[PDB]
>>> print(open('coords-v6.txt').read())   # compact mmCIF, C-alpha atoms and all ligand atoms
# COMPACT_ATOMS: atom_id res chain seq x y z
CA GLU A 1 129.52 103.04 116.11
CA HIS A 2 126.02 103.16 114.37
CA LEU A 3 127.79 105.42 111.79
CA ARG A 4 130.61 102.84 111.27
CA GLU A 5 128.33 99.69 111.44
CA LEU A 6 126.54 100.72 108.20
CA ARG A 7 129.90 101.65 106.50
CA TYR A 8 130.93 97.94 107.02
CA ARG A 9 127.58 96.12 106.60
CA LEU A 10 127.25 98.00 103.25
CA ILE A 11 130.70 96.75 102.05
CA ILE A 12 129.82 93.15 103.14
CA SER A 13 126.48 93.39 101.20
CA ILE A 14 128.27 95.00 98.15
CA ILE A 15 131.03 92.29 98.38
CA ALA A 16 128.26 89.57 98.36
CA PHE A 17 126.41 91.14 95.39
CA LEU A 18 129.58 91.09 93.20
CA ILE A 19 130.38 87.44 94.24
CA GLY A 20 126.75 86.63 93.32
CA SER A 21 127.00 88.68 90.07
CA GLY A 22 130.14 86.80 89.00
CA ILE A 23 128.39 83.43 89.50
CA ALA A 24 125.40 84.77 87.47
CA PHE A 25 127.89 85.83 84.74
CA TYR A 26 129.31 82.33 84.28
CA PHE A 27 125.90 80.53 83.81
CA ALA A 28 124.31 83.62 82.09
CA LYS A 29 123.72 81.86 78.72
CA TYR A 30 121.47 79.35 80.49
CA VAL A 31 119.68 82.17 82.54
CA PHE A 32 119.11 83.94 79.15
CA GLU A 33 117.17 80.72 78.13
CA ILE A 34 114.85 80.86 81.26
CA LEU A 35 114.11 84.48 80.42
CA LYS A 36 113.47 83.83 76.66
CA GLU A 37 111.17 80.83 77.60
CA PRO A 38 107.84 82.75 78.35
CA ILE A 39 107.70 84.39 74.86
CA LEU A 40 109.33 81.44 72.98
CA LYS A 41 106.41 79.19 74.00
CA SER A 42 103.35 81.50 74.14
CA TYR A 43 103.97 83.60 70.91
CA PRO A 44 106.48 81.56 68.82
CA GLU A 45 105.56 83.66 65.72
CA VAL A 46 107.28 86.61 67.55
CA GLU A 47 110.98 86.83 66.62
CA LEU A 48 113.55 88.00 69.17
CA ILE A 49 115.98 89.92 66.91
CA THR A 50 118.93 92.04 68.19
CA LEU A 51 117.93 95.46 66.76
CA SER A 52 120.81 96.73 68.98
CA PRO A 53 124.23 96.96 67.06
CA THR A 54 126.79 94.69 68.71
CA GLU A 55 125.28 94.73 72.24
CA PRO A 56 124.61 91.08 73.44
CA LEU A 57 127.02 91.89 76.36
CA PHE A 58 124.75 94.67 77.62
CA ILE A 59 121.99 91.94 77.82
CA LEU A 60 124.64 89.78 79.61
CA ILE A 61 125.70 92.50 82.09
CA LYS A 62 121.95 93.22 82.82
CA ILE A 63 121.42 89.40 83.36
CA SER A 64 124.61 88.98 85.48
CA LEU A 65 123.66 92.03 87.64
CA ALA A 66 119.91 91.27 88.28
CA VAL A 67 120.33 87.49 88.85
CA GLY A 68 123.51 88.23 90.89
CA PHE A 69 121.23 90.21 93.25
CA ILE A 70 118.67 87.30 93.66
CA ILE A 71 121.67 85.09 94.70
CA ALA A 72 122.84 87.83 97.19
CA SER A 73 119.24 88.55 98.41
CA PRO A 74 119.69 86.19 101.51
CA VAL A 75 122.95 88.03 102.58
CA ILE A 76 121.51 91.53 101.83
CA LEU A 77 118.23 90.68 103.77
CA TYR A 78 120.47 89.64 106.75
CA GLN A 79 122.55 92.87 106.76
CA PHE A 80 119.29 94.89 106.82
CA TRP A 81 117.68 92.73 109.56
CA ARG A 82 120.78 92.70 111.79
CA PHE A 83 121.29 96.54 111.49
CA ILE A 84 117.71 97.03 112.71
CA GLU A 85 116.63 94.12 115.03
CA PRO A 86 117.47 93.50 117.94
CA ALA A 87 119.80 96.53 117.12
CA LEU A 88 117.04 99.25 117.26
CA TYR A 89 113.46 97.80 117.16
CA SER A 90 112.77 94.24 118.40
CA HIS A 91 114.60 92.45 121.27
CA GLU A 92 114.50 88.63 120.79
CA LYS A 93 117.06 86.91 118.53
CA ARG A 94 114.76 83.82 118.10
CA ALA A 95 112.11 86.17 116.65
CA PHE A 96 114.91 87.32 114.23
CA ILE A 97 115.43 83.78 112.83
CA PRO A 98 111.75 83.28 111.74
CA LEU A 99 111.93 86.90 110.48
CA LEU A 100 115.02 86.23 108.25
CA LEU A 101 113.53 82.92 106.92
CA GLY A 102 110.16 84.62 106.38
CA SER A 103 111.80 87.58 104.56
CA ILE A 104 114.13 85.23 102.53
CA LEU A 105 111.05 83.32 101.27
CA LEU A 106 109.11 86.56 100.62
CA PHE A 107 111.74 87.80 98.13
CA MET A 108 111.61 84.35 96.38
CA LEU A 109 107.81 84.31 96.27
CA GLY A 110 107.98 87.91 94.88
CA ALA A 111 110.20 86.93 91.94
CA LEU A 112 108.06 83.75 91.22
CA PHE A 113 104.96 85.98 91.24
CA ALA A 114 106.48 88.31 88.62
CA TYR A 115 107.86 85.50 86.39
CA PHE A 116 104.79 83.22 86.59
CA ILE A 117 101.80 85.61 86.97
CA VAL A 118 102.59 89.28 86.19
CA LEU A 119 104.74 88.54 83.08
CA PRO A 120 102.50 86.01 81.14
CA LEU A 121 99.63 88.40 81.85
CA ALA A 122 101.77 91.36 80.71
CA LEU A 123 102.43 89.50 77.39
CA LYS A 124 98.73 88.78 76.60
CA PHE A 125 97.89 92.49 77.37
CA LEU A 126 100.76 93.45 74.97
CA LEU A 127 100.92 91.10 71.97
CA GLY A 128 98.11 88.59 72.72
CA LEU A 129 95.30 91.16 72.32
CA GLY A 130 93.68 89.49 69.29
CA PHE A 131 95.26 89.94 65.81
CA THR A 132 98.20 92.17 66.88
CA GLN A 133 100.42 89.55 65.08
CA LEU A 134 101.11 92.15 62.28
CA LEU A 135 102.63 94.82 64.65
CA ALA A 136 104.54 92.03 66.50
CA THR A 137 106.67 89.71 64.28
CA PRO A 138 110.51 90.46 63.95
CA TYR A 139 109.35 93.53 65.96
CA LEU A 140 110.76 92.33 69.37
CA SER A 141 114.23 93.54 70.50
CA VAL A 142 115.86 91.08 72.96
CA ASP A 143 117.39 93.94 75.00
CA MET A 144 113.83 95.30 75.37
CA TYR A 145 112.20 91.98 76.43
CA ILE A 146 115.06 90.75 78.76
CA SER A 147 115.21 94.09 80.64
CA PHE A 148 111.40 94.28 81.16
CA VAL A 149 111.59 90.71 82.66
CA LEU A 150 114.57 91.65 84.90
CA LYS A 151 112.79 94.94 86.06
CA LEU A 152 109.45 93.18 86.70
CA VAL A 153 111.18 90.19 88.46
CA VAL A 154 113.43 92.33 90.81
CA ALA A 155 110.73 94.96 91.55
CA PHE A 156 108.26 92.24 92.72
CA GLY A 157 110.89 90.55 94.86
CA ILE A 158 111.44 93.91 96.68
CA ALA A 159 107.67 94.87 96.60
CA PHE A 160 106.94 91.64 98.58
CA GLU A 161 109.37 92.68 101.35
CA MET A 162 107.04 95.64 102.16
CA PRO A 163 104.53 93.76 104.44
CA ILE A 164 107.39 92.52 106.69
CA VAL A 165 109.43 95.74 107.03
CA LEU A 166 106.04 97.47 107.60
CA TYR A 167 104.54 94.97 110.14
CA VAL A 168 107.91 95.23 112.05
CA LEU A 169 107.91 99.10 111.98
CA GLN A 170 104.19 99.21 113.02
CA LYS A 171 104.94 96.72 115.89
CA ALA A 172 107.95 98.95 116.96
CA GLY A 173 105.44 101.86 116.81
CA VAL A 174 107.65 103.77 114.28
CA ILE A 175 104.49 104.12 112.10
CA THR A 176 100.77 103.64 112.96
CA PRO A 177 98.26 101.78 110.68
CA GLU A 178 96.33 105.08 110.38
CA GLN A 179 99.59 106.72 109.09
CA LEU A 180 99.61 104.20 106.19
CA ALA A 181 95.81 104.87 105.71
CA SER A 182 96.73 108.59 105.33
CA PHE A 183 99.60 107.92 102.84
CA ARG A 184 97.20 105.85 100.58
CA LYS A 185 96.68 108.86 98.19
CA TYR A 186 100.48 109.09 97.82
CA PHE A 187 101.25 105.40 97.48
CA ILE A 188 98.70 105.33 94.55
CA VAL A 189 101.08 107.83 92.86
CA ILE A 190 104.20 105.82 94.06
CA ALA A 191 102.74 102.59 92.48
CA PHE A 192 101.84 104.36 89.23
CA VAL A 193 105.34 106.00 89.14
CA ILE A 194 107.02 102.56 89.57
CA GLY A 195 104.56 101.20 87.00
CA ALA A 196 105.53 103.95 84.55
CA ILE A 197 109.30 103.33 85.02
CA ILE A 198 109.23 99.48 84.53
CA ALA A 199 106.14 98.79 82.34
CA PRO A 200 106.05 99.61 78.56
CA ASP A 201 102.36 100.63 78.25
CA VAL A 202 99.32 101.72 80.35
CA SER A 203 97.82 98.13 80.36
CA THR A 204 101.03 96.85 82.03
CA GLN A 205 101.56 100.04 84.19
CA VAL A 206 98.04 99.29 85.65
CA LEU A 207 98.72 95.47 85.75
CA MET A 208 101.68 96.27 88.00
CA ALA A 209 100.10 98.94 90.18
CA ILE A 210 97.25 96.51 91.23
CA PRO A 211 99.52 93.98 93.17
CA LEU A 212 101.55 96.94 94.63
CA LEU A 213 98.45 98.64 96.18
CA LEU A 214 97.33 95.14 97.29
CA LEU A 215 100.74 94.70 99.07
CA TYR A 216 100.22 98.14 100.68
CA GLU A 217 96.69 97.14 101.89
CA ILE A 218 98.27 93.92 103.34
CA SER A 219 100.56 96.10 105.56
CA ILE A 220 97.53 98.10 106.97
CA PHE A 221 95.77 94.75 107.87
CA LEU A 222 99.05 93.74 109.62
CA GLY A 223 98.30 96.76 111.80
CA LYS A 224 97.54 94.31 114.65
CA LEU A 225 98.48 96.32 117.80
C1 LIG B 301 123.86 79.59 94.67
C2 LIG B 301 124.94 79.25 93.68
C3 LIG B 301 124.47 79.36 92.24
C4 LIG B 301 123.37 78.40 91.86
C5 LIG B 301 122.56 78.83 90.65
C6 LIG B 301 123.39 79.25 89.45
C7 LIG B 301 122.76 78.86 88.12
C8 LIG B 301 122.54 77.36 87.96
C9 LIG B 301 121.98 76.97 86.62
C10 LIG B 301 122.99 76.28 85.70
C11 LIG B 301 122.80 74.76 85.48
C12 LIG B 301 123.27 74.03 86.74
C13 LIG B 301 124.44 74.65 87.52
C14 LIG B 301 124.63 74.01 88.89
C15 LIG B 301 125.85 74.48 89.67
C16 LIG B 301 125.61 75.68 90.59
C17 LIG B 301 126.84 76.13 91.38
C18 LIG B 301 126.75 77.53 91.98
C19 LIG B 301 128.08 78.12 92.46
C20 LIG B 301 128.69 77.44 93.67
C21 LIG B 301 129.84 78.21 94.30
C22 LIG B 301 121.35 74.30 85.33
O1 LIG B 301 121.13 73.02 85.94
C23 LIG B 301 119.99 72.25 85.59
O2 LIG B 301 118.78 72.84 86.03
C24 LIG B 301 117.58 72.32 85.43
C25 LIG B 301 117.00 73.40 84.55
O3 LIG B 301 116.21 74.32 85.29
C26 LIG B 301 117.80 71.00 84.70
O4 LIG B 301 117.88 69.90 85.61
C27 LIG B 301 117.16 68.70 85.53
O5 LIG B 301 117.49 68.31 84.22
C28 LIG B 301 116.76 67.17 83.73
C29 LIG B 301 117.84 66.24 83.24
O6 LIG B 301 117.30 65.07 82.65
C30 LIG B 301 115.90 66.62 84.89
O7 LIG B 301 115.18 65.45 84.49
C31 LIG B 301 114.84 67.72 85.22
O8 LIG B 301 114.10 67.31 86.38
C32 LIG B 301 115.61 69.02 85.63
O9 LIG B 301 115.21 69.97 84.64
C33 LIG B 301 118.95 71.05 83.69
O10 LIG B 301 118.46 71.31 82.38
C34 LIG B 301 119.98 72.10 84.08
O11 LIG B 301 121.27 71.73 83.61
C35 LIG B 301 123.64 74.25 84.31
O12 LIG B 301 122.97 74.46 83.08
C36 LIG B 301 123.69 74.92 81.96
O13 LIG B 301 125.06 75.15 82.26
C37 LIG B 301 125.80 75.60 81.11
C38 LIG B 301 127.17 76.02 81.60
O14 LIG B 301 127.22 77.41 81.91
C39 LIG B 301 125.83 74.50 80.06
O15 LIG B 301 126.55 74.94 78.90
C40 LIG B 301 126.07 74.70 77.60
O16 LIG B 301 125.69 73.35 77.50
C41 LIG B 301 126.22 72.61 76.40
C42 LIG B 301 125.48 71.30 76.34
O17 LIG B 301 125.91 70.55 75.21
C43 LIG B 301 126.09 73.44 75.11
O18 LIG B 301 126.62 72.50 74.16
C44 LIG B 301 127.00 74.69 75.17
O19 LIG B 301 126.31 75.79 74.57
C45 LIG B 301 127.25 75.17 76.64
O20 LIG B 301 128.50 74.65 77.12
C46 LIG B 301 124.42 74.15 79.62
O21 LIG B 301 124.42 73.01 78.77
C47 LIG B 301 123.57 73.89 80.85
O22 LIG B 301 123.18 72.56 81.20
>>> encode(input="coords-v6.txt", output="structure tokens", more="lines below")
Ligand SMILES: CCCCCCCCCCC(CCCCCCCCCC)(CO[C@H]1O[C@@H](CO)[C@H](O[C@@H]2O[C@@H](CO)[C@H](O)[C@@H](O)[C@@H]2O)[C@@H](O)[C@@H]1O)CO[C@H]1O[C@@H](CO)[C@H](O[C@@H]2O[C@@H](CO)[C@H](O)[C@@H](O)[C@@H]2O)[C@@H](O)[C@H]1O
Amino acid sequence: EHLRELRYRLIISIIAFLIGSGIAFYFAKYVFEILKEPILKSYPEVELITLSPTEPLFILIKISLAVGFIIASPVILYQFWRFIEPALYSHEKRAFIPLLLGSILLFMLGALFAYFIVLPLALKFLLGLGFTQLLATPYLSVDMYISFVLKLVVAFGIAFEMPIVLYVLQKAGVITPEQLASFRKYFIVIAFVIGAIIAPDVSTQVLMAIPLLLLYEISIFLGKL
């Protein structure tokens, strides 16, 4: 049953993600505008050329897949939450509703944080560091810039879900707040690994690790037992 439940809830979540991805595909040219907007306004001297051969569809498929996941985030959050509580951990179903709503708005606040705080900051640390206008002119590849935005935006959505899945595991006594306090020296490496994968330089790898450790230290404080 628990074996089969996942092998059906997965297919429902995967079915939702593709419906969401297809929607994202249709209005992708407009989503490409929202993404281009942060650079276009801050450093207009920086040209977004397509250094790539004939790959504006790869940029499309990346856009249709990442944005298709932010559309499906409410369905995916539900399939997680229903497979765990009241299913295994909690007991009340009107503790589940404020949990789903709370976790739906934590993925949205995560994406807004990346797009409106991490990213503009990540651009000043990259090309806004004084007179670096010479090494940044038709030097920007759109496939580079778009991807970094999509990585940063999706990672922060997910990174924000940590203090709820954690508070709920700590409450269900699956983990203790001291067990997170012991994993600190490993999450510092986790955060810098994630920061190495998604960020282009050290300045941005660090810029990313900071809110991640901060989200980890929010989970320990939600060690109210
Ligand atoms: C969960 C479902 C998914 C929801 C999110 C998906 C993405 C939604 C963004 C898409 C969308 C609304 C779509 C709504 C329908 C959703 C239905 C969902 C599926 C249901 C099953 C944004 O909608 C608006 O959003 C705001 C921008 O953020 C703005 O609104 C207000 O505006 C101010 C006005 O005065 C207000 O004063 C201000 O207050 C707000 O700024 C508008 O600028 C914008 O149109 C449409 O935008 C774009 O669509 C594309 C066609 O692909 C259009 O194609 C191009 O346009 C031609 C023009 O000639 C070009 O010639 C041609 O190149 C091409 O043809 C674009 O033109 C474009 O307009």
>>> closest_atom_pairs(input="coords-v6.txt", of="range 139-162 of chain A", to="range 117-120 of chain A", cutoff="10 Å", atoms="only C-alpha atoms", output="tab-separated table")
residue	atom	partner	partner_atom	distance
A:148	CA	A:119	CA	9.0
A:149	CA	A:119	CA	7.2
A:152	CA	A:119	CA	7.5
A:153	CA	A:119	CA	8.6
A:156	CA	A:118	CA	9.1
>>> closest_residue(input="coords-v6.txt", among="A:9, A:4, A:29, A:124", to="ligand LIG 301 (chain B)", atoms="only C-alpha atoms and all ligand atoms")
A:29
>>> closest_residue(input="coords-v6.txt", among="A:100, A:61, A:72, A:121", to="ligand LIG 301 (chain B)", atoms="all atoms listed in the file")
A:72
>>> closest_atom_pairs(input="coords-v6.txt", of="chain A", to="ligand LIG 301 (chain B)", cutoff="12 Å", atoms="all atoms listed in the file", output="Markdown table")
| residue | atom | partner | partner_atom | distance |
| --- | --- | --- | --- | --- |
| A:16 | CA | B:LIG301 | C1 | 11.5 |
| A:17 | CA | B:LIG301 | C1 | 11.9 |
| A:19 | CA | B:LIG301 | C21 | 9.2 |
| A:20 | CA | B:LIG301 | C2 | 7.6 |
| A:21 | CA | B:LIG301 | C3 | 9.9 |
| A:22 | CA | B:LIG301 | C19 | 9.6 |
| A:23 | CA | B:LIG301 | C19 | 6.1 |
| A:24 | CA | B:LIG301 | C6 | 6.2 |
| A:25 | CA | B:LIG301 | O14 | 8.9 |
| A:26 | CA | B:LIG301 | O14 | 5.8 |
| A:27 | CA | B:LIG301 | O14 | 3.9 |
| A:28 | CA | B:LIG301 | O14 | 6.9 |
| A:29 | CA | B:LIG301 | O14 | 6.5 |
| A:30 | CA | B:LIG301 | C36 | 5.2 |
| A:31 | CA | B:LIG301 | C9 | 7.0 |
| A:32 | CA | B:LIG301 | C36 | 10.5 |
| A:33 | CA | B:LIG301 | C36 | 9.5 |
| A:34 | CA | B:LIG301 | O3 | 7.8 |
| A:35 | CA | B:LIG301 | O3 | 11.5 |
| A:37 | CA | B:LIG301 | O3 | 11.3 |
| A:63 | CA | B:LIG301 | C7 | 11.6 |
| A:64 | CA | B:LIG301 | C6 | 10.6 |
| A:67 | CA | B:LIG301 | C6 | 8.8 |
| A:68 | CA | B:LIG301 | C3 | 9.0 |
| A:69 | CA | B:LIG301 | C1 | 11.0 |
| A:70 | CA | B:LIG301 | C1 | 9.3 |
| A:71 | CA | B:LIG301 | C1 | 5.9 |
| A:72 | CA | B:LIG301 | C1 | 8.7 |
| A:73 | CA | B:LIG301 | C1 | 10.8 |
| A:74 | CA | B:LIG301 | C1 | 10.4 |
| A:75 | CA | B:LIG301 | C1 | 11.6 |
>>> closest_residue(input="coords-v6.txt", among="A:127, A:189, A:181, A:6", to="residue 87 in chain A", atoms="all atoms listed in the file")
A:6
>>> atom_distance(input="coords-v6.txt", atom1="CA of residue 164 in chain A", atom2="CA of residue 99 in chain A")
8.2 Å
>>> residues_near_point(input="coords-v6.txt", point="(94.8, 93.8, 77.1)", cutoff="12 Å", atoms="only C-alpha atoms", output="ChimeraX atom specification")
/A:120-132,201-207
>>> closest_residue(input="coords-v6.txt", among="A:221, A:144, A:96, A:208", to="residue 84 in chain A", atoms="only C-alpha atoms")
A:96
>>> residues_around(input="coords-v6.txt", residues="residue 154 in chain A", least_positions_apart="3", cutoff="8 Å", atoms="only C-alpha atoms", output="ChimeraX atom specification")
/A:66,70,111,150-151,157-158
>>> closest_residue(input="coords-v6.txt", among="A:220, A:199, A:10, A:225", to="residue 83 in chain A", atoms="all atoms listed in the file")
A:10
>>> closest_residue(input="coords-v6.txt", among="A:176, A:219, A:79, A:141", to="residue 7 in chain A", atoms="all atoms listed in the file")
A:79
>>> residues_around(input="coords-v6.txt", residues="residue 180 in chain A", least_positions_apart="2", cutoff="12 Å", atoms="all atoms listed in the file", output="list in words")
residues 163, 166, 167, 169, 170, 174, 175, 176, 177, 178, 182, 183, 184, 185, 186, 187, 188, 213, 215, 216, 217, 218, 219, 220, 221, 222 and 223 of chain A
>>> atom_distance(input="coords-v6.txt", atom1="CA of residue 212 in chain A", atom2="CA of residue 116 in chain A")
16.2 Å
>>> atom_distance(input="coords-v6.txt", atom1="CA of residue 90 in chain A", atom2="CA of residue 106 in chain A")
19.7 Å
>>> residues_around(input="coords-v6.txt", residues="residue 97 in chain A", least_positions_apart="6", cutoff="12 Å", atoms="only C-alpha atoms", output="list in words")
residues 77, 78, 81, 82, 85, 86, 103 and 104 of chain A
